[PDB]
Amino acid sequence: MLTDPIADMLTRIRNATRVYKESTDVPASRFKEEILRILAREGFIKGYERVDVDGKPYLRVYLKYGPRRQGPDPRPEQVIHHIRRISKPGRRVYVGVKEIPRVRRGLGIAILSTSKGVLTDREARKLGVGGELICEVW
Amino acid sequence: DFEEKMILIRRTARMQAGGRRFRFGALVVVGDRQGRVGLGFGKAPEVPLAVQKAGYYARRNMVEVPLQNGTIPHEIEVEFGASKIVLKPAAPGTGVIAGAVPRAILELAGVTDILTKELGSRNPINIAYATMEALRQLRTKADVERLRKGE
Amino acid sequence: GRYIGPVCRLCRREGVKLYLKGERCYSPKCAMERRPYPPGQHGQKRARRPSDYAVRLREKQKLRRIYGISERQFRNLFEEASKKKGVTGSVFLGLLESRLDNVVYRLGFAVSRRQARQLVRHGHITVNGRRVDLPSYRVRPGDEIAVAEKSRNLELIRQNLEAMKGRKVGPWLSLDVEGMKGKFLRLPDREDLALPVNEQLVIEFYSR
Amino acid sequence: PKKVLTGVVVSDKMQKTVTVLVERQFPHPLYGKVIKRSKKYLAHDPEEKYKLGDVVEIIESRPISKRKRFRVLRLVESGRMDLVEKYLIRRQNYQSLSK
Amino acid sequence: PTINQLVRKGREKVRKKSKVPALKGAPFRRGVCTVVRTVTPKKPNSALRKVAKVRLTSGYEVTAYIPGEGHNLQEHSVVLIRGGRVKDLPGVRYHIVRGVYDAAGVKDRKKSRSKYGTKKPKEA
RNA sequence: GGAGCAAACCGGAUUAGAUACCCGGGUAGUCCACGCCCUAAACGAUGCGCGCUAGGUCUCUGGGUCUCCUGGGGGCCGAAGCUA
RNA sequence: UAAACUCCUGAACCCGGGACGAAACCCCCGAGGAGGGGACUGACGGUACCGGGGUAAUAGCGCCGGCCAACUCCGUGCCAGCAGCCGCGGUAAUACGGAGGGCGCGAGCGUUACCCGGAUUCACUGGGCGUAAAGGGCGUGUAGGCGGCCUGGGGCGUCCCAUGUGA
Ligand SMILES: [Mg+2]
Ligand SMILES: [Mg+2]
Ligand SMILES: [Mg+2]
Ligand SMILES: [Mg+2]
Ligand SMILES: [Mg+2]
Ligand SMILES: [Mg+2]
Ligand SMILES: [Mg+2]
Ligand SMILES: [Mg+2]
Ligand SMILES: [Mg+2]
Ligand SMILES: [Mg+2]
Ligand SMILES: [Mg+2]
Ligand SMILES: [Mg+2]
Ligand SMILES: [Mg+2]
Ligand SMILES: [Mg+2]
Ligand SMILES: [Mg+2]
Ligand SMILES: [Mg+2]
Ligand SMILES: [Mg+2]
Ligand SMILES: [Mg+2]
Ligand SMILES: [Mg+2]
Ligand SMILES: [Mg+2]
Ligand SMILES: [Mg+2]
Ligand SMILES: [Mg+2]
Ligand SMILES: [Mg+2]
Ligand SMILES: [Mg+2]
Ligand SMILES: [Mg+2]
Ligand SMILES: [Mg+2]
Ligand SMILES: [Mg+2]
Ligand SMILES: [Mg+2]
Ligand SMILES: [Mg+2]
Ligand SMILES: [Mg+2]
Ligand SMILES: [Mg+2]
Ligand SMILES: [Mg+2]
Ligand SMILES: [Mg+2]
Ligand SMILES: [Mg+2]
Ligand SMILES: [Mg+2]
Ligand SMILES: [Mg+2]
Ligand SMILES: [Mg+2]
Ligand SMILES: [Mg+2]
Ligand SMILES: [Mg+2]
Ligand SMILES: [Mg+2]
Ligand SMILES: [Mg+2]
Ligand SMILES: [Mg+2]
Ligand SMILES: [Mg+2]
Ligand SMILES: [Mg+2]
Ligand SMILES: [Mg+2]
Ligand SMILES: [Mg+2]
Ligand SMILES: [Mg+2]
Ligand SMILES: [Mg+2]
Ligand SMILES: [Mg+2]
Ligand SMILES: [Mg+2]
Ligand SMILES: [Mg+2]
Ligand SMILES: [Mg+2]
Ligand SMILES: [Mg+2]
Ligand SMILES: [Mg+2]
Ligand SMILES: [Mg+2]
Ligand SMILES: [Mg+2]
Ligand SMILES: [Mg+2]
Ligand SMILES: [Mg+2]
Ligand SMILES: [Mg+2]
Ligand SMILES: [Mg+2]
Ligand SMILES: [Mg+2]
Ligand SMILES: [Mg+2]
Ligand SMILES: [Mg+2]
Ligand SMILES: [Mg+2]
Ligand SMILES: [Mg+2]
Ligand SMILES: [Mg+2]
Ligand SMILES: [Mg+2]
Ligand SMILES: [Mg+2]
Ligand SMILES: [Mg+2]
Ligand SMILES: [Mg+2]
Ligand SMILES: [Mg+2]
Ligand SMILES: [Mg+2]
Ligand SMILES: [Mg+2]
Ligand SMILES: [Mg+2]
Ligand SMILES: [Mg+2]
Ligand SMILES: [Mg+2]
Ligand SMILES: [Mg+2]
Ligand SMILES: [Mg+2]
Ligand SMILES: [Mg+2]
Ligand SMILES: [Mg+2]
Ligand SMILES: [Zn+2]
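Residue numbers (PDB author numbering), protein chains in the order written: chain AH, 1 to 138; chain AE, 5 to 155; chain AD, 2 to 209; chain AQ, 2 to 100; chain AL, 4 to 127.
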């Protein structure tokens, strides 16, 4: 029955990126679209769209990657250096406006569910609202 | 012709019928005191010789360090299996606060303001490798938008 | 108070020429010019590379001994700097220079810093009119560091002022050699100063 | 103002009185997780119109008896025996812990 | 553990026992000597240490080490207990203060008089 | 209930000694019925569930027009990754 | 450069002067009100402070093997002693005791006691459990905890502004 669809989703990306996949699927859901919506707004994924799987709604998340690399073991750069859920189903994390974290000194992003939508760290701060800290990315 | 300064020199040994023969090891670090820095570990049957070797290995290895008026660009948690080390940018006039090891490294990296600390293990050798692979992971604002650009 | 003990002695331990004295330190004999090695039965022996501690220590001791001031007060100011904003390192030095008995030295009224403490203490000096005898006293910007009336025609006061003719000194300072008085124009930028001490190491030491 | 609590009846076995269970939830003072505790209050009900399992509202009121400083306000819903179960089941378990 | 487990069980608070039952917080405790005798050191050493059992005012009864060279403690000398064990001697968890009460200071000592209760001499 | 085996126990040998290893003999026990005990290197020394992340090889078992595709087990080598 | 020696200043000490802290209640004009004017009262204290004269005028304590800044000589010989740990001392001790020298801090310097830190060594931030300490011998299931996709009503949590409180 799973638990947090979001957690496994971010996991799909993490698992896929480490092996350098073209893209991967994930059951369809309003919230996941929002995640990828912001995940593309700040540019971490090439994009996405509702794809089918034997009558089952999924979402193709076309991954993004860095340039090839010289030296021993030509490992491509990762566009997603790190991604991890914060407000878990076990512990609900809710933060006020003047509490929102700064992901690796601005270089990062903190997706969080606002009482007025879904916003990034800077974007939520700008609108002047707080909400459930979903996760961060950098 | 960068600046050079060793970290430590131990005296490991081997057992073998009749007696125990030794082999000294020496950790050394190199840097121009501005972005250009490299670390090297050299083993050799003698003290000054082992340093001499470390010299070549140190100048061999090297890593670009995105500075910032003397400070680093951002914090990083780097776990080298056993050991773990975290850096964090500091406002000018702070200082290089760290362990004996990561001090020399960042000092020859032209750094003058940084918050750090060692966790888990503290093996000087392992701590070294951790700091190096840490700086190697640093990313300037440019480097980020460069990879995120992909246009 | 200050260690009355041998002072041309310390010049040797630090390994740097130190003008704790006045005329003699400038002559071919700050003590170090004849014996560039540290004191002790030893000193004339091959030293060893100091620990990160020893270095951070021998650097602080330099700066403290220079102003010849109590470790307590010293540490108190270092903290005083950390209290306020701005670059802690330079600002620490800035407050050391803002010290009264110090300005009297940097204003030429005295050949030595320890001598500067003497005059100030004995009230020979004055500020805006009051005979401040506290070698402490943080001199605010824009103040008349004049000389007291009775002290104007002093033998040791003249020899100093006479030799202090012309000679540019303290960019952050002014000096009316005629009326025997000066002014604390502004807080001395780190660039304006120049001491054998690296402040960055002194901060690191008080980081412990 | 006079505090008010939504809670369910769980003991109508008294004269002109009824026991109400009220659950509150809040973040752990350290672990932040949302924990759920509760307390039982005795409410004055001179009409006795409020029977068992009735989710009702209560109000901080004049001291009626030793351990009873509240009064009923109004019903919210009748059928709620499932909740009274959770309470009664908890009780049954206590019997099977001692010696 | 899970957050829940913490919520329920919680983290066990660390608690340490005092290595020295001298008092309830007293820096020193007065006590009269009873036995006074030299005892042999432990494993790596041997040097017949000057120790002494001391029945405390606190009804207790403990052994304490006498530092420095020689002393003057007999079967009724009062004295102070400083408290500081001695790895070389078993059961001894207290030191004895020199220069206080019937505990005379060390004679002829020059360096570090404070620790051994010797008033500073006068060379002249 | 009791063939064989076998702690304890008896004897032979070995040994300085030999309550033991080896040999001869032998009891409870092992077996069944009901009842109790509830421990173990009760070991994969790896809690249960769900989702992800290259393959290669042989083996048990099931469905399909079938030099192989597909689902469930049991093994060995090994991507990335983890790891003292 | 330390002293010796030359020069200069001059704490202490002596002479004289000398408070602020006090302005009311209390007396008149008016009206015992408002508004203006008038007079007592200082324990501290002849102290603070101001001016005049004026003598070079107490330094101590910890430490110096590693951590940890600071090295050599002599006595000692697992003895005498040291110690916070690792350890030191059984003729050549920078580890004991004395000396010289040095380091640290100075009217203080050391010791003992307790507290927080280092200790991410109770770990929320921030730990673990194949062999290092650690998976229950295995199940079944009660409380509790956790829960898939879409639309809608309330708005308990959560977020936001205002306001009172937060002396
Ligand atoms: Mg699209
Ligand atoms: Mg051999
Ligand atoms: Mg690890
Ligand atoms: Mg530079
Ligand atoms: Mg260690
Ligand atoms: Mg890099
Ligand atoms: Mg870079
Ligand atoms: Mg580009
Ligand atoms: Mg001294
Ligand atoms: Mg010398
Ligand atoms: Mg500051
Ligand atoms: Mg300059
Ligand atoms: Mg009733
Ligand atoms: Mg309760
Ligand atoms: Mg009653
Ligand atoms: Mg009643
Ligand atoms: Mg009803
Ligand atoms: Mg006796
Ligand atoms: Mg005697
Ligand atoms: Mg004396
Ligand atoms: Mg029978
Ligand atoms: Mg035999
Ligand atoms: Mg026999
Ligand atoms: Mg037998
Ligand atoms: Mg048989
Ligand atoms: Mg039996
Ligand atoms: Mg059976
Ligand atoms: Mg059984
Ligand atoms: Mg097995
Ligand atoms: Mg077990
Ligand atoms: Mg379990
Ligand atoms: Mg796959
Ligand atoms: Mg295949
Ligand atoms: Mg095949
Ligand atoms: Mg299939
Ligand atoms: Mg098959
Ligand atoms: Mg299979
Ligand atoms: Mg490969
Ligand atoms: Mg590999
Ligand atoms: Mg890891
Ligand atoms: Mg390996
Ligand atoms: Mg002199
Ligand atoms: Mg003199
Ligand atoms: Mg003299
Ligand atoms: Mg008078
Ligand atoms: Mg007068
Ligand atoms: Mg007068
Ligand atoms: Mg008078
Ligand atoms: Mg008068
Ligand atoms: Mg008055
Ligand atoms: Mg009147
Ligand atoms: Mg009248
Ligand atoms: Mg009146
Ligand atoms: Mg009248
Ligand atoms: Mg009146
Ligand atoms: Mg009046
Ligand atoms: Mg008079
Ligand atoms: Mg005078
Ligand atoms: Mg004198
Ligand atoms: Mg003199
Ligand atoms: Mg040293
Ligand atoms: Mg002897
Ligand atoms: Mg100690
Ligand atoms: Mg020896
Ligand atoms: Mg010695
Ligand atoms: Mg020592
Ligand atoms: Mg502690
Ligand atoms: Mg620390
Ligand atoms: Mg803690
Ligand atoms: Mg512990
Ligand atoms: Mg098991
Ligand atoms: Mg169970
Ligand atoms: Mg349940
Ligand atoms: Mg849900
Ligand atoms: Mg709704
Ligand atoms: Mg609400
Ligand atoms: Mg609320
Ligand atoms: Mg407010
Ligand atoms: Mg207020
Ligand atoms: Mg209050
Ligand atoms: Zn000099």
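Yeah, the Cβ is synthetic: ideal placement off N, Cα and C, and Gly gets one too.
Legend entry - Within-9 Å CB hit, AD:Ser-91 to chain AE: Within the third sequence, residue 91 of chain AD is the residue found at index 90, counting from 1. With 9 Å as the cut-off, AD:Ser-91 counts as an interface residue toward chain AE.
Legend entry - Nearest residue (CA-CA) to AQ:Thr-7, options AQ:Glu-78, AQ:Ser-99, AQ:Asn-94, AQ:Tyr-95: Translated into the one-based positions of the fourth sequence, residue 7 of chain AQ becomes position 6. Ranking AQ:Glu-78, AQ:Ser-99, AQ:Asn-94, AQ:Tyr-95 by Cα distance to AQ:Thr-7 puts AQ:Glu-78 first.
Legend entry - Partners in chain AE for AH:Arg-104, counting only beta-carbon separations shorter than 7 Å: For the purposes of this step, residue 104 of chain AH is identified with residue 104 of the first sequence, where counting begins at 1. In chain order: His-78, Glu-79.
Inset, instruction - Report the three-state DSSP secondary structure of AE:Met-10 (helix, strand or coil). - result: Sequence index remark: in the second sequence, residue 10 of chain AE carries index 6 (1-based). It is a strand residue.
Legend entry - Residue from AL:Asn-7, AL:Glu-72, AL:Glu-126, AL:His-98 with nearest C-alpha to AL:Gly-108: In the fifth sequence, counting from the first residue as 1, residue 108 of chain AL sits at position 105. The shortest C-alpha separation from AL:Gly-108 is found at AL:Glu-72.
Inset, instruction - Please confirm whether any heavy atom of ligand 14 lies closer than 8 Å to the CB of AQ:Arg-38. - result: As a working note, residue 38 of chain AQ is residue 37 in the fourth sequence. Yes, ligand 14 has a heavy atom inside 8 Å of this Cβ.
Inset, instruction - Specify which residues have a beta carbon nearer than 6 Å to any heavy atom of ligand 15, listing them in chain order. - result: AQ:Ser-66, AQ:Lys-67
Inset, instruction - Quick one: measure Cβ to Cβ for AD:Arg-59 and AD:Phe-75, integer angstroms, because I've assumed they're closer than 8 Å. - result: Sequence index remark: in the third sequence, residue 59 of chain AD carries index 58 (1-based). Sequence index remark: in the third sequence, residue 75 of chain AD carries index 74 (1-based). Going by Cβ atoms, the distance from AD:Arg-59 to AD:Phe-75 rounds to 15 Å, so no, they are not a contact pair.
Inset, instruction - Measuring from each Cβ to the nearest heavy atom of ligand 12, keep the ones under 6 Å and list them in chain order. - result: AD:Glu-192, AD:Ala-195
Inset, instruction - Kindly say whether AE:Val-100, judged by its beta-carbon, lies nearer than 9 Å to any beta-carbon of chain AD. - result: Residue 100 of chain AE sits at position 96 when you count from the first residue of the second sequence. Answer yes: the Cβ-Cβ gap between AE:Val-100 and chain AD drops below 9 Å somewhere.
Legend entry - Where residue 1 of chain AD falls: helix, strand or coil (DSSP): What the structure shows of chain AD is the stretch from 2 to 209, and residue 1 of chain AD is not part of that stretch, so it cannot be assessed.
Legend entry - N-terminal and C-terminal residue of the alpha helix (DSSP H) that AD:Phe-206 is part of: The sequence position of residue 206 of chain AD within the third sequence is 205, counting from 1. Element bounds for AD:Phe-206: 200-206.
Inset, instruction - Tell whether a beta-carbon distance below 9 Å holds between AE:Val-105 and AE:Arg-63. - result: Residue 105 of chain AE sits at position 101 when you count from the first residue of the second sequence. Residue 63 of chain AE sits at position 59 when you count from the first residue of the second sequence. Not in contact: AE:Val-105 and AE:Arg-63 (Cβ atoms no closer than 9 Å).
Legend entry - Outcome for AH:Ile-35 when other beta-carbon atoms lying within 10 angstroms are tallied against a minimum of 16: By 1-based counting over the first sequence, the position of residue 35 of chain AH is 35. Classification of AH:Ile-35: buried, given that the 10 Å Cβ count is 16 or more.
Inset, instruction - Could you tell me whether any Cβ in chain AD is nearer than 9 Å to the Cβ of AE:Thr-116? - result: Stepping through the second sequence from its first residue, residue 116 of chain AE is reached at position 112. Yes, because at least one Cβ of chain AD sits closer than 9 Å to the Cβ of AE:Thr-116.
Inset, instruction - Report whether the distance from the Cβ of residue 2 of chain AL to the nearest heavy atom of ligand 19 is below 8 Å. - result: Residue 2 of chain AL is absent from the model: chain AL starts at 4 and stops at 127.
Legend entry - Proximity below 9 Å, CB of AD:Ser-91 to CB of AE:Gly-97: In the third sequence, residue 91 of chain AD corresponds to position 90, counting from 1. In the second sequence, residue 97 of chain AE corresponds to position 93, counting from 1. Contact flag set, yes.
Legend entry - Contacts of AH:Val-129 in chain AE (Cβ-Cβ under 9 Å): Locating residue 129 of chain AH in the first sequence gives position 129, counting from the first residue. Here the premise fails: no neighbours, minimum Cβ distance about 26 Å.
Legend entry - DSSP beta-bridge partners of AH:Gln-78: Indexing the first sequence from 1 puts residue 78 of chain AH at position 78. DSSP output for AH:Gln-78 lists AH:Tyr-65 as bridge partner(s).
Legend entry - alpha helix (DSSP H) segment containing AL:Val-95, residue limits: What you label residue 95 of chain AL is simply residue 92 of the fifth sequence in a count that begins at 1. Careful: AL:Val-95 lies outside any alpha helix (DSSP H) and carries neither H nor E.
Inset, instruction - Kindly list the residues whose CB is nearer than 6 Å to the CB of AQ:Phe-71, restricted to its own chain and excluding five residues on each side of it in sequence; keep chain order. - result: The count along the fourth sequence starts at 1 and reaches residue 71 of chain AQ at position 70. Same-chain partners within the cutoff: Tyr-42, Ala-44, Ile-59, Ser-62.
Legend entry - Backbone secondary structure at AD:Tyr-20 - three-state DSSP: To locate residue 20 of chain AD, count along the third sequence from 1; it is residue 19. AD:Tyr-20 falls in the coil class under three-state DSSP.
Inset, instruction - Say whether chain AH places a C-beta atom closer than 9 Å to the C-beta of AE:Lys-47. - result: The residue you call residue 47 of chain AE lines up with position 43 of the second sequence. Not closer than 9 Å to any Cβ of chain AH, the Cβ of AE:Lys-47 fails to qualify, so no.
Legend entry - CB contact check: AD:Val-198 to chain AE, cutoff 9 Å: Translated into positions along the third sequence, residue 198 of chain AD becomes position 197. Output row for AD:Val-198: interface = no.
Legend entry - Closer than 8 Å at the beta carbon, the chain AQ residues around AL:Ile-99: For the purposes of this step, residue 99 of chain AL is identified with residue 96 of the fifth sequence, where counting begins at 1. Here the premise fails: no neighbours, minimum Cβ distance about 47 Å.
Inset, instruction - Compute the distance between the beta-carbons of AH:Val-79 and AQ:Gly-33, then report whether it is under 9 Å. - result: The residue given as residue 79 of chain AH occupies position 79 in the first sequence. The residue given as residue 33 of chain AQ occupies position 32 in the fourth sequence. Against a cut-off of 9 Å, the Cβ pair of AQ:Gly-33 and AH:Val-79 comes out as no contact.
Inset, instruction - Can you give me the Cβ contacts of AH:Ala-28 inside the same chain, cut-off strictly under 7 Å, excluding the 5 residues immediately before and after it? - result: Taking the first sequence and counting its residues from 1, one reaches residue 28 of chain AH at position 28. Within the same chain, AH:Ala-28 has close Cβ partners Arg-50, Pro-57, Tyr-58, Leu-59.
Legend entry - Residues from the region 79-96 of chain AH in contact with chain AE, defined by Cβ distance under 9 Å: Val-79, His-81
Inset, instruction - Specify, as a first and last residue, the run of the alpha helix (DSSP H) that AE:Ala-104 falls within. - result: In the second sequence, residue 104 of chain AE corresponds to position 100, counting from 1. Counting along the chain, the alpha helix (DSSP H) containing AE:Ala-104 begins and ends at 104-111.
Legend entry - Runs of alpha helix (DSSP H) lying entirely within the region 62-119 of chain AD, each at least 4 residues, in chain order: 72-84, 89-99, 101-107
Legend entry - Limits of the unbroken alpha helix (DSSP H) element including AE:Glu-137: Your numbering for residue 137 of chain AE matches position 133 in the second sequence. It spans 128-139 - the alpha helix (DSSP H) in which AE:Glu-137 sits, taken as one unbroken run.
Legend entry - Candidates AQ:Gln-96, AQ:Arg-68, AQ:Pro-30, AQ:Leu-98: closest to AL:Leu-9 by CA position: In the fifth sequence, the residue the question calls residue 9 of chain AL occupies position 6. For AL:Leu-9, the nearest C-alpha among the options comes from AQ:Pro-30.
Legend entry - Where AH:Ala-124 falls: helix, strand or coil (DSSP): For the purposes of this step, residue 124 of chain AH is identified with residue 124 of the first sequence, where counting begins at 1. Looking at AH:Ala-124 - three-state DSSP - the assignment turns out to be helix.
Inset, instruction - Would you verify that the beta carbon of AE:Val-148 is, or is not, closer than 9 Å to some beta carbon of chain AH? - result: Taking the second sequence and counting its residues from 1, one reaches residue 148 of chain AE at position 144. Closer than 9 Å: yes.
Inset, instruction - Return the CA-CA distance between AQ:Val-11 and AL:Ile-6, expressed in angstroms with no decimal places. - result: In the fourth sequence, residue 11 of chain AQ corresponds to position 10, counting from 1. In the fifth sequence, residue 6 of chain AL corresponds to position 3, counting from 1. Answer to the nearest angstrom: the Cα atoms are 31 Å apart.
Legend entry - Nearest-angstrom beta carbon gap, AD:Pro-142 and AD:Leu-97 [assumed within contact, 8 Å]: For this step, residue 97 of chain AD is matched to residue 96 along the third sequence. For this step, residue 142 of chain AD is matched to residue 141 along the third sequence. That belief does not hold up - the Cβ atoms of AD:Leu-97 and AD:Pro-142 are roughly 15 Å apart, past 8 Å.
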